[PDB]
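Undergrad: Right, I'll just put the structure down here and ask away after.
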Amino acid sequence: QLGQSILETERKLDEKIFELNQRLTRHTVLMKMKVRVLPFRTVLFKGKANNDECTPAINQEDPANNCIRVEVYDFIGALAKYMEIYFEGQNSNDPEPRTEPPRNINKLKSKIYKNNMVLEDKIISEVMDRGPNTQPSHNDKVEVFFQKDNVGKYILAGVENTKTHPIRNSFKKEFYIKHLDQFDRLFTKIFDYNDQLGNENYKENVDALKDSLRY
Amino acid sequence: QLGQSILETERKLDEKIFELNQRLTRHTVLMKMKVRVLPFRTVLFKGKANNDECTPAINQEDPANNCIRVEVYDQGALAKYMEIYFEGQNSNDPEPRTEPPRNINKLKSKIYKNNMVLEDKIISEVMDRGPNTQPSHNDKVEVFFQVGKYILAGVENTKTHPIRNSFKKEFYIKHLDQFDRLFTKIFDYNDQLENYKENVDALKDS
């Protein structure tokens, strides 16, 4: 009945997550790029994977780096959330960051320190997806950490998803899809912020813009 | 059975196009923003909808504007363009960065150069009159082939001629993806930019 409709919704959510995870593979481009200009209250670093940590590298444009972290701060110690992309393989032999091909992601870690979403009395505070580019349904490879709102690591494949408690569906729809979407838009913004030089036409009014491209 | 598998693939393609159409609703942020800096071989303008045309406005940051056009250059240099015709009105807030997304009335795409050929016919124009309605909205999609206007719901999609699936996978999905990445890039360039000569100097310094 609605039991497998809850599961049909989950498959629709998994397909959305899968496309979001595919967009994130495009950020290999940031690895060799000098990231000097960042949006407000935003920190980015590159490093090498050491267990479930991305250790920051001394050379931020080192071709040997395999992971990247983006931090977001609040100005209400200030750390609100972060995302670590751990890429598979190696960065190319080409010095140009712009032409860097996308690589599959080994694992994707998210940590939330402030304004966390509560799913049925348990706070989502960390997500580790160990198979983001495998197949849409990979609940077996997703670890979710919950904190009691009034230590707590769960594999998504064991979390309840019934009509009475659609915890997995609530996690994917209400939290994870928007979360992945936001971080993706942020990684892209950082790239555009640093790839302006030699790539931007400056025209005060549309008249002067229209005049330059009339040929 | 492959007949229903051709249709199962189409549903998977329709869901992809639906998410791409949802991303496009976010470009309302560009309306009140002064678009001072653009990527090369690009032209952007904001205007008001007049039938299936977007007329360019005198005031480019006018809250009353409802449509936006992005042109890509290579009869002239024009290669392709996309017009987003937003439903409703822009907010009463002067700040472009906080502008809420709005649903899109119609989405028009025109291709002048390097057009994709689908079974001996070139795709030269697409008008989607219901992009944010439901994933399967073929009734509201007009495709022009080279006068030769076809409603997608009437176009064949069988194992022998999977014309709709070829249109959706080989052309439309990538097309919507690139134009969305372009509208986003334009916003980011103008978000960072403030004196242009001083800004370029400060970016070069770091």
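Just so we're on the same page: first chain in the structure tokens is A, next is B, and so on; residues restart at 1 for each chain, and ligands are numbered from 1 in the order they show up.
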Do a neighbour search on residue 117 in chain A at 10 Å with only C-alpha atoms, toss out local chain neighbours closer than 6 positions, and write the hits as a ChimeraX atom specification.

TA: /A:123-125,171,174-175

Undergrad: Please find the residues of chain B near chain A - the criterion being any atom within 9 Å, counting only C-alpha atoms - and write them as a PyMOL selection string.

TA: chain B and resi 15-16+19+34-45+60+73+76-77+181+184-189+191-192+196+200+203-204+206

Undergrad: Take CA of residue 47 in chain A and CA of residue 83 in chain A and report the distance between them in Å, one decimal.

TA: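 Separating CA of residue 47 in chain A from CA of residue 83 in chain A is a distance of 13.2 Å.
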
Undergrad: Considering only C-alpha atoms, return as a ChimeraX atom specification whatever protein or nucleic-acid residues lie within 6 Å of residue 124 in chain B, sequence-local ones (same chain, fewer than 4 positions apart) excluded.

TA: /B:110-111,144

Undergrad: Would you mind reading off the distance between CA of residue 132 in chain B and CA of residue 96 in chain B, one decimal, in Å?

TA: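 Going from CA of residue 132 in chain B over to CA of residue 96 in chain B, I get 22.3 Å.
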
Undergrad: If DSSP is run on the backbone, what residues of range 81-195 of chain A are helix (DSSP H, G or I)? A reply as a PyMOL selection string would be ideal.

TA: chain A and resi 139-141+156-158+167-194

Undergrad: So the first atom is CA of residue 142 in chain A and the second is CA of residue 12 in chain B; what is the distance between them in Å, to one decimal place?

TA: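 Computed distance, CA of residue 142 in chain A to CA of residue 12 in chain B, equals 23.7 Å.
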
Undergrad: Using DSSP on the backbone, list every residue of range 26-167 of chain B that comes out as strand (DSSP E), and give them as a PDB file with C-alpha atoms, in the first residue's frame.

TA:
ATOM      1  CA  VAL B  37      30.632  42.592 -15.730  1.00  0.00           C
ATOM      2  CA  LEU B  38      29.965  39.673 -18.127  1.00  0.00           C
ATOM      3  CA  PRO B  39      31.927  36.663 -19.422  1.00  0.00           C
ATOM      4  CA  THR B  42      27.968  37.236 -23.803  1.00  0.00           C
ATOM      5  CA  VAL B  43      25.136  39.771 -23.742  1.00  0.00           C
ATOM      6  CA  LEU B  44      22.512  39.925 -20.966  1.00  0.00           C
ATOM      7  CA  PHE B  45      19.422  42.179 -20.852  1.00  0.00           C
ATOM      8  CA  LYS B  46      16.280  42.490 -18.693  1.00  0.00           C
ATOM      9  CA  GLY B  47      12.898  43.593 -20.046  1.00  0.00           C
ATOM     10  CA  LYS B  48       9.137  43.183 -20.155  1.00  0.00           C
ATOM     11  CA  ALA B  49       7.265  40.362 -21.945  1.00  0.00           C
ATOM     12  CA  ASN B  50       5.399  41.304 -25.114  1.00  0.00           C
ATOM     13  CA  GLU B  53       9.302  38.475 -27.093  1.00  0.00           C
ATOM     14  CA  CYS B  54      11.307  40.053 -24.284  1.00  0.00           C
ATOM     15  CA  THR B  55      11.572  43.807 -25.002  1.00  0.00           C
ATOM     16  CA  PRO B  56      14.774  45.396 -23.443  1.00  0.00           C
ATOM     17  CA  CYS B  67      11.911  38.707 -18.344  1.00  0.00           C
ATOM     18  CA  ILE B  68      15.605  38.232 -18.953  1.00  0.00           C
ATOM     19  CA  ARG B  69      17.628  37.291 -22.038  1.00  0.00           C
ATOM     20  CA  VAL B  70      21.177  35.857 -22.268  1.00  0.00           C
ATOM     21  CA  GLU B  71      22.827  35.761 -25.729  1.00  0.00           C
ATOM     22  CA  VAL B  72      25.944  33.715 -26.656  1.00  0.00           C
ATOM     23  CA  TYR B  73      28.178  34.799 -29.585  1.00  0.00           C
ATOM     24  CA  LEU B  78      24.855  35.101 -32.534  1.00  0.00           C
ATOM     25  CA  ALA B  79      25.032  31.364 -31.803  1.00  0.00           C
ATOM     26  CA  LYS B  80      22.143  30.889 -29.294  1.00  0.00           C
ATOM     27  CA  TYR B  81      19.973  32.584 -26.676  1.00  0.00           C
ATOM     28  CA  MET B  82      17.628  31.873 -23.730  1.00  0.00           C
ATOM     29  CA  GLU B  83      14.728  33.999 -22.499  1.00  0.00           C
ATOM     30  CA  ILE B  84      13.279  33.351 -19.026  1.00  0.00           C
ATOM     31  CA  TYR B  85       9.729  34.874 -18.628  1.00  0.00           C
ATOM     32  CA  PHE B  86       9.013  34.926 -14.886  1.00  0.00           C
ATOM     33  CA  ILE B 104       8.678  30.578 -14.957  1.00  0.00           C
ATOM     34  CA  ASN B 105       5.715  31.258 -17.282  1.00  0.00           C
ATOM     35  CA  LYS B 106       7.600  30.288 -20.471  1.00  0.00           C
ATOM     36  CA  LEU B 107      11.207  29.449 -21.385  1.00  0.00           C
ATOM     37  CA  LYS B 108      12.332  30.248 -24.973  1.00  0.00           C
ATOM     38  CA  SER B 109      15.555  28.944 -26.544  1.00  0.00           C
ATOM     39  CA  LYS B 110      16.736  29.823 -30.069  1.00  0.00           C
ATOM     40  CA  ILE B 111      19.742  28.230 -31.856  1.00  0.00           C
ATOM     41  CA  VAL B 117      20.255  17.283 -35.950  1.00  0.00           C
ATOM     42  CA  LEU B 118      17.565  14.780 -34.879  1.00  0.00           C
ATOM     43  CA  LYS B 121      15.886  17.684 -39.014  1.00  0.00           C
ATOM     44  CA  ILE B 122      17.805  20.462 -37.103  1.00  0.00           C
ATOM     45  CA  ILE B 123      16.436  21.744 -33.710  1.00  0.00           C
ATOM     46  CA  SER B 124      16.389  25.569 -33.988  1.00  0.00           C
ATOM     47  CA  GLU B 125      13.913  26.773 -31.296  1.00  0.00           C
ATOM     48  CA  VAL B 126      12.256  25.440 -28.126  1.00  0.00           C
ATOM     49  CA  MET B 127       9.390  27.100 -26.252  1.00  0.00           C
ATOM     50  CA  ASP B 128       8.421  25.413 -22.962  1.00  0.00           C
ATOM     51  CA  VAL B 141       6.524  22.159 -25.180  1.00  0.00           C
ATOM     52  CA  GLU B 142       6.797  23.530 -28.745  1.00  0.00           C
ATOM     53  CA  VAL B 143       9.856  22.459 -30.797  1.00  0.00           C
ATOM     54  CA  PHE B 144      10.828  24.043 -34.128  1.00  0.00           C
ATOM     55  CA  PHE B 145      12.552  21.799 -36.754  1.00  0.00           C
ATOM     56  CA  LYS B 149       6.549  23.869 -35.306  1.00  0.00           C
ATOM     57  CA  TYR B 150       5.661  20.655 -33.444  1.00  0.00           C
ATOM     58  CA  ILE B 151       4.106  20.086 -30.021  1.00  0.00           C
TER      59      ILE B 151
END

Undergrad: Return the single residue from B:158, B:24, B:183, B:173 that is closest to residue 8 in chain B, with distances computed using only C-alpha atoms.

TA: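 Smallest distance to residue 8 in chain B is found for B:158.
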
Undergrad: Got a sec: who's within 9 Å of residue 7 in chain A, counting only C-alpha atoms, leaving out chain neighbours fewer than 6 positions off, as a PyMOL selection string?

TA: chain A and resi 161-162+169
